[PDB]
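Visitor: You'll find protein_11.cif just under this line, and it carries mmCIF, N, CA and C atoms.
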data_run
#
loop_
_atom_site.label_atom_id
_atom_site.label_comp_id
_atom_site.auth_asym_id
_atom_site.auth_seq_id
_atom_site.Cartn_x
_atom_site.Cartn_y
_atom_site.Cartn_z
N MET R 1 215.81 186.54 78.65
CA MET R 1 214.85 187.29 77.83
C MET R 1 213.68 187.67 78.71
N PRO R 2 213.03 188.82 78.48
CA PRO R 2 211.85 189.21 79.24
C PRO R 2 210.65 188.39 78.78
N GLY R 3 210.32 187.37 79.54
CA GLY R 3 209.25 186.50 79.16
C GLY R 3 208.57 185.89 80.35
N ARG R 4 207.48 186.49 80.77
CA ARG R 4 206.73 185.97 81.90
C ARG R 4 205.95 184.73 81.49
N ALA R 5 205.83 183.81 82.39
CA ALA R 5 205.10 182.60 82.14
C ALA R 5 203.68 182.75 82.67
N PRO R 6 202.67 182.57 81.80
CA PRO R 6 201.24 182.69 82.17
C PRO R 6 200.73 181.46 82.94
N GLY R 7 201.54 180.98 83.85
CA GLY R 7 201.20 179.84 84.65
C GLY R 7 201.19 180.23 86.11
N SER R 8 200.28 181.11 86.45
CA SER R 8 200.16 181.62 87.79
C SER R 8 199.36 180.67 88.67
N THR R 9 198.40 180.04 88.08
CA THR R 9 197.59 179.12 88.78
C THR R 9 197.72 177.74 88.16
N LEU R 10 198.17 176.81 88.94
CA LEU R 10 198.29 175.46 88.51
C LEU R 10 196.94 174.78 88.56
N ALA R 11 196.74 173.86 87.67
CA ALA R 11 195.51 173.13 87.62
C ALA R 11 195.62 171.91 88.51
N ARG R 12 195.18 172.08 89.72
CA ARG R 12 195.24 171.03 90.73
C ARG R 12 193.88 170.46 90.98
N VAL R 13 193.00 170.76 90.09
CA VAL R 13 191.65 170.32 90.15
C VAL R 13 191.26 169.79 88.80
N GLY R 14 190.59 168.71 88.80
CA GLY R 14 190.18 168.10 87.62
C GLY R 14 189.46 166.85 87.96
N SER R 15 189.31 166.00 87.02
CA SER R 15 188.66 164.76 87.26
C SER R 15 189.70 163.69 87.53
N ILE R 16 189.86 163.35 88.78
CA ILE R 16 190.78 162.32 89.18
C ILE R 16 190.07 160.98 89.01
N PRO R 17 190.64 160.09 88.19
CA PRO R 17 190.06 158.78 87.93
C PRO R 17 190.26 157.80 89.09
N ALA R 18 189.53 156.72 89.04
CA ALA R 18 189.72 155.62 89.95
C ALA R 18 189.79 154.36 89.12
N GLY R 19 190.85 153.62 89.24
CA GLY R 19 190.97 152.44 88.46
C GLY R 19 191.56 151.27 89.20
N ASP R 20 192.77 150.91 88.83
CA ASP R 20 193.37 149.66 89.28
C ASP R 20 194.08 149.81 90.60
N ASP R 21 193.62 149.03 91.55
CA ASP R 21 194.18 148.97 92.89
C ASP R 21 195.65 148.55 92.86
N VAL R 22 196.50 149.41 93.37
CA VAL R 22 197.93 149.14 93.40
C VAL R 22 198.32 148.40 94.67
N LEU R 23 197.73 148.79 95.79
CA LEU R 23 198.00 148.09 97.03
C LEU R 23 197.33 146.74 97.05
N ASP R 24 197.83 145.85 97.84
CA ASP R 24 197.25 144.54 97.98
C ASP R 24 195.99 144.66 98.85
N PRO R 25 194.90 143.92 98.54
CA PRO R 25 193.63 143.99 99.30
C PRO R 25 193.77 143.79 100.83
N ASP R 26 194.85 143.15 101.27
CA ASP R 26 195.06 142.92 102.71
C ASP R 26 195.59 144.18 103.39
N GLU R 27 196.04 145.14 102.59
CA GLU R 27 196.56 146.38 103.12
C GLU R 27 195.39 147.26 103.59
N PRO R 28 195.53 147.90 104.76
CA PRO R 28 194.50 148.77 105.35
C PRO R 28 193.95 149.84 104.38
N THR R 29 192.64 149.94 104.32
CA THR R 29 191.97 150.84 103.42
C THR R 29 190.78 151.55 104.10
N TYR R 30 190.40 152.65 103.54
CA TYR R 30 189.26 153.45 103.91
C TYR R 30 188.24 153.31 102.84
N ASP R 31 187.04 153.62 103.16
CA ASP R 31 185.92 153.48 102.26
C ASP R 31 185.13 154.74 102.40
N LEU R 32 184.27 155.03 101.45
CA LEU R 32 183.50 156.30 101.43
C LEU R 32 182.78 156.60 102.77
N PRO R 33 181.93 155.66 103.31
CA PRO R 33 181.27 155.87 104.61
C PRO R 33 182.29 156.07 105.74
N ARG R 34 183.41 155.35 105.66
CA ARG R 34 184.43 155.41 106.70
C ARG R 34 185.17 156.73 106.70
N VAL R 35 185.42 157.29 105.53
CA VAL R 35 186.06 158.60 105.47
C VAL R 35 185.09 159.67 105.94
N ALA R 36 183.82 159.49 105.59
CA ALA R 36 182.77 160.36 106.06
C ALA R 36 182.76 160.34 107.59
N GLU R 37 182.93 159.15 108.12
CA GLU R 37 183.05 158.92 109.55
C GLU R 37 184.30 159.59 110.14
N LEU R 38 185.40 159.43 109.45
CA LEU R 38 186.69 159.95 109.87
C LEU R 38 186.69 161.47 109.98
N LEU R 39 186.23 162.14 108.95
CA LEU R 39 186.26 163.59 108.93
C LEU R 39 185.00 164.20 109.54
N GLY R 40 183.99 163.38 109.75
CA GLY R 40 182.74 163.85 110.31
C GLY R 40 181.95 164.64 109.28
N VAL R 41 182.16 164.31 108.04
CA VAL R 41 181.55 165.00 106.93
C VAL R 41 180.68 164.03 106.14
N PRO R 42 179.74 164.52 105.33
CA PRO R 42 178.95 163.67 104.44
C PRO R 42 179.82 163.09 103.30
N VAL R 43 179.33 162.01 102.70
CA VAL R 43 180.02 161.32 101.59
C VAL R 43 180.26 162.27 100.42
N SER R 44 179.33 163.17 100.23
CA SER R 44 179.40 164.16 99.19
C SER R 44 180.63 165.09 99.36
N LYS R 45 180.96 165.45 100.61
CA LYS R 45 182.15 166.25 100.87
C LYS R 45 183.41 165.44 100.63
N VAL R 46 183.35 164.15 100.92
CA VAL R 46 184.47 163.24 100.66
C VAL R 46 184.74 163.22 99.15
N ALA R 47 183.66 163.14 98.38
CA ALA R 47 183.74 163.16 96.94
C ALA R 47 184.30 164.50 96.46
N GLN R 48 183.94 165.59 97.15
CA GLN R 48 184.46 166.92 96.81
C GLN R 48 185.96 166.98 96.96
N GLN R 49 186.48 166.36 98.02
CA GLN R 49 187.93 166.30 98.25
C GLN R 49 188.62 165.64 97.08
N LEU R 50 188.02 164.55 96.65
CA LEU R 50 188.49 163.79 95.50
C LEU R 50 188.44 164.64 94.22
N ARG R 51 187.39 165.45 94.09
CA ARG R 51 187.22 166.36 92.95
C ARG R 51 188.22 167.53 93.01
N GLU R 52 188.65 167.89 94.21
CA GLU R 52 189.55 169.02 94.41
C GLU R 52 191.00 168.59 94.33
N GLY R 53 191.22 167.30 94.16
CA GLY R 53 192.57 166.79 94.09
C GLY R 53 193.24 166.77 95.44
N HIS R 54 192.47 166.49 96.48
CA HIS R 54 193.01 166.39 97.83
C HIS R 54 193.23 164.96 98.22
N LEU R 55 192.60 164.06 97.51
CA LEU R 55 192.61 162.68 97.88
C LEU R 55 192.43 161.85 96.62
N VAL R 56 192.79 160.57 96.68
CA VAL R 56 192.69 159.67 95.53
C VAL R 56 192.01 158.38 95.98
N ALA R 57 191.26 157.77 95.09
CA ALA R 57 190.55 156.55 95.38
C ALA R 57 190.77 155.56 94.25
N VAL R 58 190.73 154.29 94.56
CA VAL R 58 190.88 153.22 93.57
C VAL R 58 189.76 152.22 93.72
N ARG R 59 189.60 151.37 92.75
CA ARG R 59 188.51 150.45 92.74
C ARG R 59 189.04 149.02 92.85
N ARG R 60 188.57 148.32 93.86
CA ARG R 60 188.96 146.94 94.13
C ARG R 60 187.73 146.05 94.00
N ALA R 61 187.74 145.17 92.99
CA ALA R 61 186.64 144.20 92.69
C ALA R 61 185.34 144.88 92.21
N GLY R 62 185.24 146.16 92.46
CA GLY R 62 184.08 146.92 92.13
C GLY R 62 183.86 148.03 93.15
N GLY R 63 184.48 147.88 94.32
CA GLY R 63 184.32 148.84 95.40
C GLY R 63 185.35 149.93 95.35
N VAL R 64 184.95 151.11 95.75
CA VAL R 64 185.82 152.27 95.73
C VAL R 64 186.41 152.46 97.12
N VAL R 65 187.71 152.45 97.19
CA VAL R 65 188.43 152.57 98.44
C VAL R 65 189.54 153.58 98.34
N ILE R 66 189.92 154.07 99.47
CA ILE R 66 190.97 155.05 99.61
C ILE R 66 191.97 154.50 100.62
N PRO R 67 193.24 154.34 100.27
CA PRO R 67 194.25 153.79 101.20
C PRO R 67 194.37 154.60 102.50
N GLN R 68 194.37 153.87 103.65
CA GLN R 68 194.53 154.47 105.00
C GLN R 68 195.71 155.42 105.05
N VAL R 69 196.75 155.03 104.37
CA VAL R 69 198.04 155.71 104.36
C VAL R 69 198.01 157.12 103.73
N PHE R 70 196.92 157.49 103.07
CA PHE R 70 196.78 158.84 102.52
C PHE R 70 196.41 159.82 103.63
N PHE R 71 196.04 159.28 104.76
CA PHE R 71 195.74 160.05 105.93
C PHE R 71 196.82 159.79 106.94
N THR R 72 197.16 160.80 107.70
CA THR R 72 198.18 160.72 108.70
C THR R 72 197.68 159.95 109.93
N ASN R 73 198.56 159.73 110.89
CA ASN R 73 198.21 159.03 112.15
C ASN R 73 197.22 159.88 112.96
N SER R 74 197.14 161.14 112.61
CA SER R 74 196.24 162.06 113.21
C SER R 74 194.89 162.10 112.47
N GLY R 75 194.76 161.30 111.40
CA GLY R 75 193.53 161.23 110.65
C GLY R 75 193.30 162.44 109.78
N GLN R 76 194.37 163.09 109.39
CA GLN R 76 194.30 164.27 108.56
C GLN R 76 194.92 163.94 107.21
N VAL R 77 194.57 164.68 106.19
CA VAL R 77 195.20 164.49 104.90
C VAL R 77 196.63 165.05 104.97
N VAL R 78 197.57 164.38 104.35
CA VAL R 78 198.94 164.84 104.30
C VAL R 78 198.98 166.17 103.52
N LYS R 79 199.60 167.18 104.10
CA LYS R 79 199.60 168.54 103.54
C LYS R 79 200.18 168.62 102.11
N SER R 80 201.28 167.95 101.89
CA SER R 80 201.94 168.01 100.60
C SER R 80 201.41 166.92 99.65
N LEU R 81 200.45 166.13 100.11
CA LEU R 81 199.86 165.09 99.28
C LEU R 81 199.08 165.68 98.08
N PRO R 82 198.15 166.68 98.29
CA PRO R 82 197.50 167.37 97.16
C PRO R 82 198.55 168.06 96.27
N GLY R 83 199.69 168.37 96.87
CA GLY R 83 200.80 168.97 96.17
C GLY R 83 201.40 168.02 95.16
N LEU R 84 201.58 166.75 95.55
CA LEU R 84 202.11 165.74 94.64
C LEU R 84 201.09 165.52 93.53
N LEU R 85 199.83 165.51 93.92
CA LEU R 85 198.75 165.34 92.98
C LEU R 85 198.74 166.47 91.97
N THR R 86 199.08 167.66 92.41
CA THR R 86 199.13 168.83 91.53
C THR R 86 200.12 168.62 90.37
N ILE R 87 201.34 168.22 90.70
CA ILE R 87 202.38 168.01 89.71
C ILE R 87 202.06 166.80 88.80
N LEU R 88 201.60 165.71 89.40
CA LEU R 88 201.22 164.52 88.64
C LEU R 88 200.00 164.77 87.76
N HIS R 89 199.07 165.58 88.24
CA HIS R 89 197.86 165.93 87.49
C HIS R 89 198.25 166.71 86.24
N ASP R 90 199.21 167.60 86.41
CA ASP R 90 199.71 168.40 85.29
C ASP R 90 200.48 167.51 84.32
N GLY R 91 201.09 166.46 84.86
CA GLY R 91 201.80 165.49 84.06
C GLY R 91 200.86 164.45 83.44
N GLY R 92 199.59 164.51 83.82
CA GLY R 92 198.58 163.63 83.27
C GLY R 92 198.62 162.21 83.81
N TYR R 93 199.06 162.04 85.03
CA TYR R 93 199.13 160.73 85.62
C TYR R 93 197.86 160.36 86.35
N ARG R 94 197.35 159.19 86.03
CA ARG R 94 196.12 158.66 86.61
C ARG R 94 196.37 158.10 88.02
N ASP R 95 195.29 157.75 88.70
CA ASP R 95 195.28 157.25 90.09
C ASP R 95 196.21 156.05 90.27
N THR R 96 196.12 155.13 89.34
CA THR R 96 196.88 153.93 89.34
C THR R 96 198.38 154.26 89.27
N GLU R 97 198.71 155.24 88.44
CA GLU R 97 200.09 155.68 88.29
C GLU R 97 200.60 156.31 89.57
N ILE R 98 199.75 157.09 90.25
CA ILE R 98 200.15 157.80 91.47
C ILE R 98 200.58 156.79 92.52
N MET R 99 199.75 155.79 92.71
CA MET R 99 200.02 154.78 93.71
C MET R 99 201.11 153.82 93.26
N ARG R 100 201.33 153.75 91.95
CA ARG R 100 202.31 152.85 91.36
C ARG R 100 203.69 153.07 91.97
N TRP R 101 204.25 154.24 91.74
CA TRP R 101 205.57 154.56 92.28
C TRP R 101 205.55 154.71 93.79
N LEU R 102 204.44 155.18 94.30
CA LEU R 102 204.27 155.49 95.70
C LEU R 102 204.30 154.24 96.58
N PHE R 103 203.72 153.17 96.10
CA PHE R 103 203.68 151.93 96.86
C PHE R 103 204.83 151.00 96.53
N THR R 104 205.67 151.39 95.61
CA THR R 104 206.82 150.59 95.27
C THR R 104 207.99 150.93 96.20
N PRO R 105 208.47 149.97 97.02
CA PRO R 105 209.62 150.20 97.88
C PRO R 105 210.84 150.46 97.02
N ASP R 106 211.53 151.52 97.30
CA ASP R 106 212.64 151.91 96.47
C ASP R 106 213.95 151.50 97.10
N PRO R 107 214.78 150.76 96.35
CA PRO R 107 216.07 150.27 96.84
C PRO R 107 217.03 151.40 97.24
N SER R 108 216.92 152.53 96.59
CA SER R 108 217.80 153.63 96.91
C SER R 108 217.20 154.55 97.96
N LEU R 109 216.06 154.15 98.49
CA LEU R 109 215.43 154.89 99.53
C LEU R 109 215.67 154.20 100.85
N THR R 110 216.18 154.93 101.78
CA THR R 110 216.40 154.45 103.11
C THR R 110 215.84 155.48 104.06
N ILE R 111 214.79 155.12 104.71
CA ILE R 111 214.04 156.00 105.56
C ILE R 111 213.72 155.32 106.84
N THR R 112 213.34 156.08 107.80
CA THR R 112 212.91 155.52 109.02
C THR R 112 211.43 155.22 108.88
N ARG R 113 211.03 154.11 109.42
CA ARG R 113 209.67 153.65 109.31
C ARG R 113 208.80 154.53 110.20
N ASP R 114 207.65 154.94 109.70
CA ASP R 114 206.77 155.79 110.50
C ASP R 114 206.28 155.05 111.72
N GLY R 115 206.47 155.66 112.86
CA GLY R 115 206.08 155.07 114.10
C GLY R 115 207.26 154.45 114.80
N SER R 116 208.31 154.22 114.06
CA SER R 116 209.47 153.60 114.58
C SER R 116 210.62 154.61 114.61
N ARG R 117 211.76 154.13 115.01
CA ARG R 117 212.98 154.90 115.12
C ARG R 117 214.00 154.35 114.12
N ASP R 118 213.79 153.10 113.75
CA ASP R 118 214.74 152.36 112.95
C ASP R 118 214.62 152.70 111.48
N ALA R 119 215.70 152.47 110.78
CA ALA R 119 215.80 152.77 109.37
C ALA R 119 215.58 151.53 108.54
N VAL R 120 214.88 151.69 107.46
CA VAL R 120 214.59 150.63 106.55
C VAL R 120 215.06 151.03 105.16
N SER R 121 215.96 150.25 104.61
CA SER R 121 216.38 150.44 103.26
C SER R 121 215.41 149.67 102.40
N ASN R 122 215.02 150.26 101.28
CA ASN R 122 214.04 149.69 100.37
C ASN R 122 212.69 149.67 101.05
N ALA R 123 212.16 150.85 101.25
CA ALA R 123 210.89 151.02 101.90
C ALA R 123 209.96 151.78 100.99
N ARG R 124 208.68 151.72 101.28
CA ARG R 124 207.69 152.41 100.49
C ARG R 124 207.72 153.91 100.81
N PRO R 125 207.76 154.78 99.77
CA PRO R 125 207.76 156.25 99.92
C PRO R 125 206.56 156.78 100.73
N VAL R 126 205.54 155.95 100.88
CA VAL R 126 204.37 156.28 101.67
C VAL R 126 204.77 156.57 103.12
N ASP R 127 205.66 155.74 103.65
CA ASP R 127 206.14 155.90 105.02
C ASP R 127 206.96 157.13 105.17
N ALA R 128 207.62 157.51 104.10
CA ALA R 128 208.39 158.72 104.09
C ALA R 128 207.46 159.92 104.28
N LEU R 129 206.43 160.02 103.46
CA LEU R 129 205.52 161.16 103.52
C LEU R 129 204.71 161.17 104.81
N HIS R 130 204.37 159.98 105.29
CA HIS R 130 203.55 159.81 106.48
C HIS R 130 204.36 160.25 107.71
N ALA R 131 205.67 160.19 107.56
CA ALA R 131 206.60 160.60 108.62
C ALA R 131 207.23 161.96 108.30
N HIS R 132 206.61 162.68 107.37
CA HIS R 132 207.01 164.04 106.96
C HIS R 132 208.40 164.10 106.31
N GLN R 133 208.78 163.00 105.69
CA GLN R 133 210.01 162.87 104.90
C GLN R 133 209.58 163.02 103.43
N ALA R 134 208.43 163.68 103.28
CA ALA R 134 207.68 163.88 102.04
C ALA R 134 208.50 164.48 100.89
N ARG R 135 209.52 165.24 101.21
CA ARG R 135 210.33 165.93 100.18
C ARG R 135 210.92 164.95 99.15
N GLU R 136 211.32 163.77 99.61
CA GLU R 136 211.85 162.74 98.73
C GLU R 136 210.74 162.22 97.81
N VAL R 137 209.53 162.20 98.33
CA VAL R 137 208.37 161.75 97.59
C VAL R 137 208.02 162.80 96.54
N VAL R 138 208.13 164.07 96.92
CA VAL R 138 207.90 165.18 96.00
C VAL R 138 208.93 165.12 94.88
N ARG R 139 210.18 164.86 95.25
CA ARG R 139 211.27 164.68 94.30
C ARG R 139 210.96 163.53 93.33
N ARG R 140 210.51 162.42 93.88
CA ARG R 140 210.23 161.23 93.11
C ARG R 140 209.05 161.49 92.16
N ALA R 141 208.12 162.31 92.63
CA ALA R 141 206.97 162.72 91.85
C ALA R 141 207.42 163.58 90.68
N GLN R 142 208.30 164.53 90.98
CA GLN R 142 208.87 165.41 89.98
C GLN R 142 209.61 164.62 88.93
N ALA R 143 210.46 163.70 89.37
CA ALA R 143 211.24 162.85 88.48
C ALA R 143 210.34 161.96 87.62
N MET R 144 209.19 161.60 88.15
CA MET R 144 208.23 160.75 87.46
C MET R 144 207.56 161.51 86.31
N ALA R 145 207.35 162.80 86.48
CA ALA R 145 206.66 163.57 85.46
C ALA R 145 207.57 164.52 84.68
N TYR R 146 208.23 165.44 85.36
CA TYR R 146 209.03 166.45 84.70
C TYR R 146 210.44 166.45 85.22
#
In structure tokens, how does this file's structure come out?
Guide:
Amino acid sequence: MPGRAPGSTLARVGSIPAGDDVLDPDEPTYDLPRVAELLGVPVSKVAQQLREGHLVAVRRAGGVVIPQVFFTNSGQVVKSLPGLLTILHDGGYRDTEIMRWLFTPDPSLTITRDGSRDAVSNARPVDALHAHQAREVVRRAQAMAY
């Protein structure tokens, strides 16, 4: 049928919440001053990234942190990461939910560990995206929402 969809622009911007820390506190994390340090930008620009749906932050004990793993080994944001956020944002998934599936090692996932050559069955999808095996993560994101 002739029926165009008025969904030309996806809503990839909104208010991204910060709530329950999914990663364990011993896992490497970034903090607002540290990200400001990393990108060479003010804290306010870091907050803008968060407002633009480029990055996600969670709260541990009271402090707001951003997992190291959201940034590549080059200290850059993963290109398709705001992309996953786009689909999950449209699906109405909160910060805690995003990291939920993302930090859960999947038994049916067998990927090579980032930095390594070897394959790990039942690994965290984070290593997949960090090693540009992101498509499986995008798939998992899609399956999680739509």
Visitor: Would you mind telling me which residue in R:144, R:98, R:84, R:10 lies nearest to residue 23 (chain R) when using only C-alpha atoms?
Guide: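 Among R:144, R:98, R:84, R:10, it is R:98 that comes nearest to residue 23 (chain R).
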Visitor: Quick one: residues within 8 Å of residue 57 (chain R), all atoms listed in the file, excluding same-chain residues fewer than 2 positions away - as a list in words?
Guide: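 Contacts, with the query itself left out: residues 16, 17, 18, 19, 20, 21, 50, 55, 59, 60, 63, 64, 65, 66, 67, 95 and 96 of chain R.
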Visitor: Determine the residue set returned by the PyMOL selection byres ((chain R and resi 102) around 8) for the present structure, and present it as a ChimeraX atom specification.
Guide: /R:96-101,103-106,123-127,137
Visitor: Based on DSSP run over this structure's backbone, return all residues of chain R in strand (DSSP E), as an MDAnalysis selection string.
Guide: chainID R and resid 29:31 58:60 63:67 106:112 119:123
Visitor: Rounded to one decimal in Å, what is the spacing between atom C of residue 68 (chain R) and CA of residue 132 (chain R)?
Guide: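 Separation between atom C of residue 68 (chain R) and CA of residue 132 (chain R): 14.3 Å.
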Visitor: What are the DSSP helix (DSSP H, G or I) residues of region 3-140 of chain R, as a PyMOL selection string?
Guide: chain R and resi 32-39+43-51+68-70+81-90+95-102+125-130+135-140
Visitor: How many Å separate atom N of residue 109 (chain R) from atom N of residue 24 (chain R)?
Guide: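 Distance reported for this atom pair: 20.0 Å.
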Visitor: Separation of atom C of residue 58 (chain R) and CA of residue 22 (chain R), in Å?
Guide: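 So the two atoms, atom C of residue 58 (chain R) and CA of residue 22 (chain R), lie 8.7 Å apart.
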Visitor: Given the PyMOL selection byres ((chain R and resi 54) around 8) and the file above, list the residues it selects as JSON, numbers by chain.
Guide: {"R": [12, 13, 48, 49, 50, 51, 52, 53, 55, 56, 77, 78, 81, 82, 83, 85, 86]}
Visitor: For the selection you just gave me, I'd like the residues written to a file as a compact mmCIF listing (two decimals), in the coordinates of the input, keeping N, CA and C atoms.
Guide:
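part_23.txt written:
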# COMPACT_ATOMS: atom_id res chain seq x y z
N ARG R 12 195.18 172.08 89.72
CA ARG R 12 195.24 171.03 90.73
C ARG R 12 193.88 170.46 90.98
N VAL R 13 193.00 170.76 90.09
CA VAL R 13 191.65 170.32 90.15
C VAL R 13 191.26 169.79 88.80
N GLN R 48 183.94 165.59 97.15
CA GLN R 48 184.46 166.92 96.81
C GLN R 48 185.96 166.98 96.96
N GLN R 49 186.48 166.36 98.02
CA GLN R 49 187.93 166.30 98.25
C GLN R 49 188.62 165.64 97.08
N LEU R 50 188.02 164.55 96.65
CA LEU R 50 188.49 163.79 95.50
C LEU R 50 188.44 164.64 94.22
N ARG R 51 187.39 165.45 94.09
CA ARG R 51 187.22 166.36 92.95
C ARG R 51 188.22 167.53 93.01
N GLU R 52 188.65 167.89 94.21
CA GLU R 52 189.55 169.02 94.41
C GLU R 52 191.00 168.59 94.33
N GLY R 53 191.22 167.30 94.16
CA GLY R 53 192.57 166.79 94.09
C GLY R 53 193.24 166.77 95.44
N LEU R 55 192.60 164.06 97.51
CA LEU R 55 192.61 162.68 97.88
C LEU R 55 192.43 161.85 96.62
N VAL R 56 192.79 160.57 96.68
CA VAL R 56 192.69 159.67 95.53
C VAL R 56 192.01 158.38 95.98
N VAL R 77 194.57 164.68 106.19
CA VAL R 77 195.20 164.49 104.90
C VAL R 77 196.63 165.05 104.97
N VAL R 78 197.57 164.38 104.35
CA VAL R 78 198.94 164.84 104.30
C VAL R 78 198.98 166.17 103.52
N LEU R 81 200.45 166.13 100.11
CA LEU R 81 199.86 165.09 99.28
C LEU R 81 199.08 165.68 98.08
N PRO R 82 198.15 166.68 98.29
CA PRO R 82 197.50 167.37 97.16
C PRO R 82 198.55 168.06 96.27
N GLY R 83 199.69 168.37 96.87
CA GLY R 83 200.80 168.97 96.17
C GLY R 83 201.40 168.02 95.16
N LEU R 85 199.83 165.51 93.92
CA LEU R 85 198.75 165.34 92.98
C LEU R 85 198.74 166.47 91.97
N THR R 86 199.08 167.66 92.41
CA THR R 86 199.13 168.83 91.53
C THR R 86 200.12 168.62 90.37
Visitor: Go through R:9, R:44, R:15, R:110 and flag the residue nearest residue 133 (chain R), using only C-alpha atoms for the distances.
Guide: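 Residue with the minimum atom-to-atom distance to residue 133 (chain R): R:110.
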Visitor: Taking only N, CA and C atoms into account, name the residue in R:146, R:62, R:129, R:14 that is nearest to residue 79 (chain R).
Guide: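 Of R:146, R:62, R:129, R:14, the one nearest residue 79 (chain R), counting only N, CA and C atoms, is R:129.
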Visitor: Of the residues R:130, R:122, R:116, R:111, which is the one nearest to residue 69 (chain R), using only C-alpha atoms?
Guide: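 For residue 69 (chain R), the nearest of the given residues is R:130.
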Visitor: If we count only N, CA and C atoms and set the cut-off at 8 Å, which residues sit around residue 145 (chain R), ignoring sequence neighbours fewer than 5 positions away in its own chain? Please answer as a PyMOL selection string.
Guide: chain R and resi 87-88+90-93+139-140
Visitor: Can you rebuild region 44-56 of chain R with N, CA, C and O atoms and give it as a PDB file, keeping the file's coordinate frame?
Guide:
ATOM      1  N   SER R  44     179.330 163.170 100.230  1.00  0.00           N
ATOM      2  CA  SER R  44     179.400 164.160  99.190  1.00  0.00           C
ATOM      3  C   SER R  44     180.630 165.090  99.360  1.00  0.00           C
ATOM      4  O   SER R  44     181.303 165.420  98.380  1.00  0.00           O
ATOM      5  N   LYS R  45     180.960 165.450 100.610  1.00  0.00           N
ATOM      6  CA  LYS R  45     182.150 166.250 100.870  1.00  0.00           C
ATOM      7  C   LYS R  45     183.410 165.440 100.630  1.00  0.00           C
ATOM      8  O   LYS R  45     184.415 165.974 100.159  1.00  0.00           O
ATOM      9  N   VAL R  46     183.350 164.150 100.920  1.00  0.00           N
ATOM     10  CA  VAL R  46     184.470 163.240 100.660  1.00  0.00           C
ATOM     11  C   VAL R  46     184.740 163.220  99.150  1.00  0.00           C
ATOM     12  O   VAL R  46     185.892 163.331  98.703  1.00  0.00           O
ATOM     13  N   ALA R  47     183.660 163.140  98.380  1.00  0.00           N
ATOM     14  CA  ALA R  47     183.740 163.160  96.940  1.00  0.00           C
ATOM     15  C   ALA R  47     184.300 164.500  96.460  1.00  0.00           C
ATOM     16  O   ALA R  47     185.061 164.544  95.508  1.00  0.00           O
ATOM     17  N   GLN R  48     183.940 165.590  97.150  1.00  0.00           N
ATOM     18  CA  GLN R  48     184.460 166.920  96.810  1.00  0.00           C
ATOM     19  C   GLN R  48     185.960 166.980  96.960  1.00  0.00           C
ATOM     20  O   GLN R  48     186.633 167.530  96.127  1.00  0.00           O
ATOM     21  N   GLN R  49     186.480 166.360  98.020  1.00  0.00           N
ATOM     22  CA  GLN R  49     187.930 166.300  98.250  1.00  0.00           C
ATOM     23  C   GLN R  49     188.620 165.640  97.080  1.00  0.00           C
ATOM     24  O   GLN R  49     189.629 166.123  96.564  1.00  0.00           O
ATOM     25  N   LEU R  50     188.020 164.550  96.650  1.00  0.00           N
ATOM     26  CA  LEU R  50     188.490 163.790  95.500  1.00  0.00           C
ATOM     27  C   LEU R  50     188.440 164.640  94.220  1.00  0.00           C
ATOM     28  O   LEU R  50     189.335 164.584  93.391  1.00  0.00           O
ATOM     29  N   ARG R  51     187.390 165.450  94.090  1.00  0.00           N
ATOM     30  CA  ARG R  51     187.220 166.360  92.950  1.00  0.00           C
ATOM     31  C   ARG R  51     188.220 167.530  93.010  1.00  0.00           C
ATOM     32  O   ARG R  51     188.580 168.101  91.975  1.00  0.00           O
ATOM     33  N   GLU R  52     188.650 167.890  94.210  1.00  0.00           N
ATOM     34  CA  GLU R  52     189.550 169.020  94.410  1.00  0.00           C
ATOM     35  C   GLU R  52     191.000 168.590  94.330  1.00  0.00           C
ATOM     36  O   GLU R  52     191.911 169.413  94.452  1.00  0.00           O
ATOM     37  N   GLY R  53     191.220 167.300  94.160  1.00  0.00           N
ATOM     38  CA  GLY R  53     192.570 166.790  94.090  1.00  0.00           C
ATOM     39  C   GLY R  53     193.240 166.770  95.440  1.00  0.00           C
ATOM     40  O   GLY R  53     194.430 167.055  95.558  1.00  0.00           O
ATOM     41  N   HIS R  54     192.470 166.490  96.480  1.00  0.00           N
ATOM     42  CA  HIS R  54     193.010 166.390  97.830  1.00  0.00           C
ATOM     43  C   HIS R  54     193.230 164.960  98.220  1.00  0.00           C
ATOM     44  O   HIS R  54     193.962 164.670  99.152  1.00  0.00           O
ATOM     45  N   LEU R  55     192.600 164.060  97.510  1.00  0.00           N
ATOM     46  CA  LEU R  55     192.610 162.680  97.880  1.00  0.00           C
ATOM     47  C   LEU R  55     192.430 161.850  96.620  1.00  0.00           C
ATOM     48  O   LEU R  55     191.985 162.379  95.607  1.00  0.00           O
ATOM     49  N   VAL R  56     192.790 160.570  96.680  1.00  0.00           N
ATOM     50  CA  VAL R  56     192.690 159.670  95.530  1.00  0.00           C
ATOM     51  C   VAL R  56     192.010 158.380  95.980  1.00  0.00           C
ATOM     52  O   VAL R  56     192.172 157.967  97.129  1.00  0.00           O
TER      53      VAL R  56
END
